[PDB]
Structure formats: structure tokens, C-alpha cells
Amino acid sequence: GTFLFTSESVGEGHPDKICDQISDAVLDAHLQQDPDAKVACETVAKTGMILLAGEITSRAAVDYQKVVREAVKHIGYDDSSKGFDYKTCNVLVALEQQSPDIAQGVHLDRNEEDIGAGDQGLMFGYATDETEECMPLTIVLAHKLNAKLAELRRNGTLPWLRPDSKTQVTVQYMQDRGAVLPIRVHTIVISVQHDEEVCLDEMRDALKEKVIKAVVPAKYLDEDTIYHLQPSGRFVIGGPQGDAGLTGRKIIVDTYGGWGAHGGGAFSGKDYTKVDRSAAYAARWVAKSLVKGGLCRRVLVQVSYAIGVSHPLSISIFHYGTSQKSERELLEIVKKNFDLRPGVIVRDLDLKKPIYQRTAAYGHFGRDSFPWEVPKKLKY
């Protein structure tokens, strides 16, 4: 009854994550001035370049040079020796207004509660009782390993660290009536950009002793655990110089680490009318509410939309056999307790608030008691 499952995470200076953070820094800058900004900001990163491309209609006056550079500064790319520098990189802007054809079909002359979805699409929410925060252990540990690297970089403990990192955790689980129970950590991968002077043995020792042991409970680590620490052997070139980044290329890191499902849409750079984000957040909220409400131990929620139509086209509940109630009964409870129109979600989840840059690293879920993480008390 045992099986393996693997999830990954990346650090704040991973080039795709740089892009997500910049896209959300732009979104937040707009929302600070215009809560109703329509934002669809993609970011592209390569050696020496941040490009913004997309569509924004907003009353805000935003200094893109400043917003981009401050985001890169925060991440830690502040010198040519690190491969990227906020002070001296190129910032290029290819931003136009939102298509009038989209605007007229989605939101113009519509009551806010009755605004249409900003696009078609499908979205999933997921929750699992295997951790208190209702997230898969695999991805929680992977995120925490990247956070630990950033912490030890920023506090000067391991000053050879640079911002670009990736981690991956394989856990052995036991099946438990549709729920899953972590047993042990089978394999850990860590790759992190480093300075030219530190040797592989120093890095591997530090990664085990100061990173892994500081994050992963000893009860999960044993003589059989496999460690792949700096497995490429050399990672001096990194950030956008090593690998191009784009917004919305870490959508599984952003969500459930391979568990559950994904509808394909990216989160970062998008205001609440883009259901790719708002409906995914609401679907997480539903899933977590079902688990915290004691209705099931593990659950997947699907919703879908048509552009210009407010109400979801479909809603589906999959409980993995972890409830006494049927999936049909759970769906009825969901429909009686939630209104998944985007113009209602915005109110319930406070989605005009400029907190989005905070969501753009270390996963959008399972952290910091954002509104979608505070379960709804269900009536049934």
C-alpha cells in the first residue's frame, strides 16, 4: 500500500519566479492607485533584460522602471558578479490597453457582482489533511528548503549562495482509505547558484547540515534517504543568464506540486476578473473548507467558465473516497454555501487588495492566512 510522490519548488531568484514576482509587483502598483485596474502583465527575463508585455487599462500612473528594479533588488540580484543587477539591467515595456472587444464583453456597463468571467477556462482546488495547512507534504518541504536557502543567503551564514535555486522532495506515503499518510523522505534534490570560490564538498556539507536538517524533521530522514545536492556539479551561471524566465511557467509550484490537477492558467500579473487566478483561489477555499469542516480528508474541486458569463459552467467534487457523503451530496453543499461568480469572489476574498507580490514565491496556498486559506463555516 505504499507509493512514492515527488514535488518541486524554486527560489525567489529562479528566472521564471522572478517574472511572476515582477508581474505581481506591477499588478500591486496599479491596484494601490486604481482598485479596478485591468491588468494582464507578462514578464520575460533573459541576460540583462526584463521585458513587460501585455495589456493594462488603469487610472494609475506607474513607473515601470522603478517597480521592476525594486522587485529585482528585493530578490537579491544586485551585481554583475551574480549574473544580474537591478541597477543596470535593461527594462523594456510593450504594454497596451486591454482590448476594447474584451472589455465590452466582460465588464463594461455591468454590475460588479454580475461581471462576466474575463476568459473561458477550467480551474482546480485541492486540499489534503496530511498537514495542518491542508497541503501536500512534498511541496511544503520543497518550498521550505528554498526559503531556508534565501534566509541563509540574506543573513550572511552562507554568503556563497545566490538567488536562483530549485529543490525537489520525494516522499514515501501509505494509502489510508483514500487519504495519504507520509512515512519518510525518499529523495531530496537541491540545486542552487553559487559563487566561483566555494567547492562542491563545502556546499554539499552545508546543504545537508544547515539546510535540510534545519527544515526536514529527522523522523523522515534515515540511512536510505537519497541526497542529490548540487548534482550538476557546478552552478555559477544562473538567474536569467543561465535560463530564460517567463511569467506563468511555474504553475505547479504555485499550486499543488503534482497532486490534484491544474486547468492551465497562470496566476501572476492578473487582476480578479481573470478567473484563472480568482476562481483557482476560490476553488482552494472551497476545498480547504470541506476538509477543515470535517466533510472529507482529501478533495479536488473543478470549476469552469465562459468569457462574458458570470456563473460557472460546471462545478465538480472528487473526494477520493474520503467522505461518508457522496460526491453529489458534497456538490450540493458547495452550491448552497459558495457563489463562484468572479464579482462575488472579489468581495469574499478581498481581491482588489495589493497583496499579490506576496503570493508569487513559495506557493499561493497553504501560507499566511490569506482569505482563501480561512475556511468558510458550512451550513448543511
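The first residue of the sequence shown is number 1, and the count goes up from there.
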query	finding
Average Cα temperature factor in the PDB entry - higher stretch of 318-326, 338-346	318-326
Residue range whose averaged C-alpha B-factor is higher in the record, 249-257 or 105-113	105-113
Options 177, 234, 166, 143 - largest CA temperature factor per the record	177
Top Cα B factor in the deposited entry, candidates 62, 53, 49, 39	62
Among modelled residues of the same chain, the CA temperature factor third for residue 281	lowest
Chain-wide C-alpha B factor ranking for residue 27, given as lowest, middle or highest third	lowest
Chain third (lowest, middle, highest) by recorded CA B-factor, residue given as residue 265	middle
Lowest, middle or highest third - CA B-factor, residue 355	highest
Third assignment of residue 57 from its chain's C-alpha B-factors	middle
